[PDB]
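Scroll down for the structure; my scribbles are underneath it.
Cβ placement follows ideal geometry from the backbone for every residue including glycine, while neighbour counts extend to all protein chains displayed. Computed from the coordinates by the stated procedures, all read-outs in this text should not be read as laboratory data.
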Amino acid sequence: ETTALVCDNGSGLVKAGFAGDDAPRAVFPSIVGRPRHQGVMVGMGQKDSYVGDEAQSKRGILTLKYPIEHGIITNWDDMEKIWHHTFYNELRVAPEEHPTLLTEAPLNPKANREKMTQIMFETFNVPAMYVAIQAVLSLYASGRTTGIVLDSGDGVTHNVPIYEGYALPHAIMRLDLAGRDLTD
Amino acid sequence: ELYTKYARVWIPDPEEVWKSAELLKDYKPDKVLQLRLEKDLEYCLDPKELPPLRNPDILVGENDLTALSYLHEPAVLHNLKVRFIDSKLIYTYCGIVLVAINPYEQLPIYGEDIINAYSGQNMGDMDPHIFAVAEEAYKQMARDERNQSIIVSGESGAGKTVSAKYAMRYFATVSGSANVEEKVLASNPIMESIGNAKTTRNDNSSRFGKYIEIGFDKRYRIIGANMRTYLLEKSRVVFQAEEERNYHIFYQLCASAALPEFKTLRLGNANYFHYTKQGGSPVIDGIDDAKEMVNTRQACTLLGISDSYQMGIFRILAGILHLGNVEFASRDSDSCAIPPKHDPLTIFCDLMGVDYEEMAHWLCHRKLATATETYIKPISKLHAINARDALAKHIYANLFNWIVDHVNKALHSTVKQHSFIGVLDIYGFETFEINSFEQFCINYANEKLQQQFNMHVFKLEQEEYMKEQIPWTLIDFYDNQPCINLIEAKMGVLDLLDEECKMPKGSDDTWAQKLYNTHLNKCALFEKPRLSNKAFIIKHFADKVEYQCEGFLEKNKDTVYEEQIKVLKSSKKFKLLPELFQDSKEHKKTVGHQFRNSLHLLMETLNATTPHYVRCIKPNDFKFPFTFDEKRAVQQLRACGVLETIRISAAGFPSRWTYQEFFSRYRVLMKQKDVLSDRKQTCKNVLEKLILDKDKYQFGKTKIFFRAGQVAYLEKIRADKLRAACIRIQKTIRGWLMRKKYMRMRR
Ligand SMILES: Nc1ncnc2c1ncn2[C@@H]1O[C@H](COP(=O)(O)OP(=O)(O)NP(=O)(O)O)[C@@H](O)[C@H]1O
Ligand SMILES: Nc1ncnc2c1ncn2[C@@H]1O[C@H](COP(=O)(O)OP(=O)(O)O)[C@@H](O)[C@H]1O
Ligand SMILES: [Mg+2]
Ligand SMILES: [Mg+2]
Ligand SMILES: [Mg+2]
């Protein structure tokens, strides 16, 4: 009938798919490239910017930007390009037909959620959506109602203790160490 | 009032559900009734009810229970009891429905002279008989090409198979003949072997709906038959309650194990294997499963399943049995392993032609693949057991669909089917001291069939009201849609159950808690049992039924890992095992969702068609010929919805009279002043005097329509008038004769 889209914006990899299948059928880096060299050959079909695996393939000639840094979306037009690419190119699904479920790290600014929702309703016209905490979903994934989740992606690391399905919001710890600054 | 001296009433009694009593002093508004019994009694009249009044004897015994003026449980039970015991009639109409009572005796009524007597006759013409339903379906099919169904419902042992047999014998006789009926009757032993199980109340209960389509050519010759099946009870293959068995075939197979052919299977006695062992009761009294095996193989031969395929089938079933013995040791909270050199798994792999190391690996691990990348990861002993039992259930369901398709290959014929008449044998509403996921599915299927019945009857009433030009508004529809939306809507009991299956740390206590949350006080049909927090009550059409939650999560889980199927698909030892699968989301579907889908396929098959209903009832448990038990029958009339059908007809205009026969009956009331030669206007004049309320009857074009009470009230006042006239005349005669003897006394 209608099945929600499930999308986790992360930093680095985007991974997206349909609710109730078991692994994401779109996975690609959340990266946008713009060409920086003078183009010489006339009539090449040269393109203003590249997204995801395109920008990985051509990365020799591109400046690569990450639109998400430490779970905060710093650049919004590139994030809209990444979602447009996800829905139309990767999933080939029109977003008006499906609820969308979106994932976020705890303790990050509220403006990030307000903008994510304003964009999903106004530009995509998604009929319904929700924003979920990254750590909470790892318990659903591991079959538990209790535990202290330690989560680290690119960017933010956070601990979230949960006990029989109640979060303990005064005990949430967040750390900016993980993943990109290991590479730097 | 109606309660006068010499009235009669039904009073409740412990040992037969109702007994007759005569009202020994007329009632006035208050608390007392003096009653006399066929001796002397006084009965408390108490909240409020008056005791059910009794029909005048002219109505008792008539061929149609809706001809009764008072419609209520004891009048129905009395008319069936008198027709069966005294007349030895076994068939009785209720409205559209034919009620059929199992005589446990042979009868002459199925002779071909009677077949011919029924042919071409409409239901009004002749006393009810199953041929009178078959002939109606046949002529409905002739008039209009629309296919016809015949639907047969009741507890197993009520004679549904013999009813279908004579129903198709009718078609064979009227069309002439193509040897369908022999093949169809020869198929019954295998379908009963694979599809029937002992149950706490009943041996040879059928756990699936069987639909036989008899196809006709443009001549309405019998071409041939096609067989479908629905609503199979898959969960029984792996779990049974106490005093229940697995499907008969498993015990026929185990008992055969000593035979030379089956030696290679290494079968044991039936309480060795985990799936047969659980029920407690390996041996049915009065059946030799080893002998039944012979009839099963014989019917396989007659339908032309080669003995190669027969040994394939028994191989696969011994596979399922040996698989059930596979036992997992948990090496961690999240990992398990099969103990080394495991004899059950060694025999299962030998039987099935698979590499021991691949089954031993895939039983304990499951595989997930992202589009670029695949991870193998362990699973707990609980998920391993749930997946082994889902594999056994999936093998069994595919073997069942295969045996059904090889029967269909034997029954089909090459002539293109112009149209068909189809016969549905299905279980009726079910209630035991313990009620469980099986009973919940059965009662939901019966709620669906009862809705489609009520809506067909409502359609036919709107047609008859058009035919008599009576306003439609007088009849109201009685809709069990709220109970269906209770069971199957989103946030329904099945929906919350399928949620709680995937939910982490789901359990029958938290499922029950979600039930009480969503529906404890929002729906009138859902109730919590007073003393328990583990059970729930649904008010079904027939009765309130209390279900225990404690089983449903184990029974509801199916998930089949693709790698375990692909191991079996890889088998080359024998050809049947890869043939079964030959055929992705369905592997994720729960048993409840597969059931709801098979039920939607069934409702699509039936809604396409025009139904005719037969209800079968089983008058006594002990199979005594032509004995009747009121407390058994009231249970089965309730479960067959006959009593609710009658309740729904008792509101409205159940009693209908032709003006001719009405006038003939009640000339005695009419004064010779007001008898016109037009009967209809006389009747319209008279009934308004005799009955005050125009609401209580309607003047149709050709028939008078009465509400329930009125015809018995007219019969009462008629009888009292005729009593007064008789007494007055006979006192005059006696007076003359004594005056003559006085004339002698002067002389
Ligand atoms: N109309 C009938 N005339 C004679 N015997 C009947 C009739 N209906 C049922 N019986 C007897 O009832 C018994 C069982 O009938 P049958 O049609 O075989 O039911 P069944 O096999 O139990 N199918 P099911 O009710 O679903 O379990 C047999 O002894 C039949 O002879
Ligand atoms: N096998 C691996 N070993 C070590 N680091 C890895 C591995 N795979 C990914 N990473 C690093 O982890 C980060 C990606 O983690 P991911 O969960 O995809 O981030 P997010 O949660 O933001 O989507 C990147 O910095 C990547 O370099
Ligand atoms: Mg992440
Ligand atoms: Mg029988
Ligand atoms: Mg049967």
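Structure summary
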{"item": "Residue in segment B:422-429 that is out of contact with any strand residue (DSSP E or B) (no Cβ under 7 Å at 6 or more places or on another chain), among the hydrophobic types (A, V, I, L, M, F, W, C) and part of a helix (DSSP H, G or I) present", "result": "no"}
{"item": "Residue identified as part of a loop (DSSP other than H, G, I, E, B) and either out of contact with any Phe, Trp or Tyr (no Cβ under 8 Å at 6 or more places or on another chain) or under 14 Å from B:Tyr427 (Cβ atoms) (or both) among B:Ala178, B:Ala197", "result": "B:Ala178"}
{"item": "Residues of segment B:596-643 satisfying the condition of being surrounded by fewer than 19 Cβ atoms within 10 Å (Cβ to Cβ), among the charged types (D, E, K, R) and within 18 Å of the chain's Cα centre (by Cα)", "result": "B:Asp621, B:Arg632, B:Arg638"}
{"item": "Residue selected from segment A:147-164 under the condition in contact with a strand residue (DSSP E or B) (Cβ under 8 Å, 6 or more places away or on another chain) and on the phi > 0 side of the Ramachandran plot, by the criterion nearest to ligand 1 (Cβ to nearest atom)", "result": "A:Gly147"}
{"item": "Residue count, segment A:5-24 (criterion: more than 14 Å from chain B (Cβ to nearest Cβ) and in a loop (DSSP other than H, G, I, E, B))", "result": "4"}
{"item": "Of all residues making up segment B:490-542, the number that are small (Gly, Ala, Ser) and either outside any loop (DSSP other than H, G, I, E, B) or within 14 Å of chain A (Cβ to nearest Cβ) (or both)", "result": "4"}
{"item": "Residue within segment A:38-50 that is within 22 Å of A:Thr183 (Cα to Cα) and either within 16 Å of ligand 5 (Cβ to nearest atom) or surrounded by 19 or more Cβ atoms within 10 Å (Cβ to Cβ) (or both) present", "result": "no"}
{"item": "Condition check for B:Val614: more than 30 Å from B:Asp389 (Cβ to Cβ) and touching a strand residue (DSSP E or B) at 6+ places or on another chain (Cβ under 6 Å)", "result": "yes"}
{"item": "Hits in segment B:36-75 - residues which are of a type in the set (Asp, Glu) and not in a loop (DSSP other than H, G, I, E, B)", "result": "B:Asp40, B:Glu42, B:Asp64, B:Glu73"}
{"item": "Flag for B:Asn325 being out of contact with any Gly (no Cβ under 9 Å at 6 or more places or on another chain), within 14 Å of chain A (Cβ to nearest Cβ) and surrounded by 15 or more Cβ atoms within 10 Å (Cβ to Cβ)", "result": "no"}
{"item": "Test result for A:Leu101, part of a strand (DSSP E or B) and more than 14 Å from chain B (Cβ to nearest Cβ)", "result": "yes"}
{"item": "Condition broken by B:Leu33, with the remaining ones in (1) in a helix (DSSP H, G or I); (2) in contact with a strand residue (DSSP E or B) (Cβ under 7 Å, 6 or more places away or on another chain); (3) farther than 18 Å from B:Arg647 by Cβ satisfied", "result": "(1)"}
{"item": "Test: A:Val160 is among the aliphatic types (A, V, I, L, M) and within 25 Å of B:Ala371 (Cα to Cα)", "result": "no"}
{"item": "Residue match in segment A:122-135 (condition: more than 16 Å from ligand 3 (Cβ to nearest atom), closer than 26 Å to A:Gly52 by Cβ and in a helix (DSSP H, G or I))", "result": "yes"}
{"item": "Single unsatisfied condition, A:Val6 versus (1) closer than 23 Å to B:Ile376 by Cα; (2) surrounded by 19 or more Cβ atoms within 10 Å (Cβ to Cβ)", "result": "(1)"}
{"item": "A:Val149 within 14 Å of another protein chain (Cβ to nearest Cβ), part of a strand (DSSP E or B) and crowded, with 19+ Cβ neighbours inside 10 Å", "result": "yes"}
{"item": "Helices (runs of 4 or more DSSP H) contained in segment B:555-627 and holding at least 2 residues over 24 Å from B:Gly209 (Cβ atoms)", "result": "B:562-569, B:576-581"}
{"item": "Close pairs from segment A:81-105: first more than 12 Å from A:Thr3 (Cα to Cα), partner surrounded by 21 or more Cβ atoms within 10 Å (Cβ to Cβ) and hydroxyl-bearing (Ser, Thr, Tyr), Cβ under 6 Å, at least 6 apart", "result": "A:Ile82/A:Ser30"}
{"item": "Subset of segment B:76-110 [among the charged types (D, E, K, R), assigned to a helix (DSSP H, G or I) and surrounded by fewer than 21 Cβ atoms within 10 Å (Cβ to Cβ)]", "result": "B:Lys81, B:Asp86"}
{"item": "Top-ranked residue of segment A:152-167 - restricted to ones that are within 13 Å of ligand 3 (Cβ to nearest atom) and in a loop (DSSP other than H, G, I, E, B), ranked as surrounded by the most Cβ atoms within 10 Å (Cβ to Cβ)", "result": "A:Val156"}
{"item": "All positions within segment B:367-378 that are more than 10 Å from every other protein chain (Cβ to nearest Cβ) and surrounded by 11 or more Cβ atoms within 10 Å (Cβ to Cβ)", "result": "B:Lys367, B:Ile376, B:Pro378"}
{"item": "Failed item in (1) part of a strand (DSSP E or B); (2) more than 14 Å from chain B (Cβ to nearest Cβ), with A:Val27 passing the rest", "result": "(2)"}
{"item": "From the options A:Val93, A:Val42, A:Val51, residue that is away from chain B (no Cβ under 14 Å) and touching a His at 6+ places or on another chain (Cβ under 9 Å)", "result": "A:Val51"}
{"item": "Checklist (1) within 14 Å of chain B (Cβ to nearest Cβ); (2) surrounded by fewer than 16 Cβ atoms within 10 Å (Cβ to Cβ) applied to A:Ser138, failing item", "result": "(2)"}
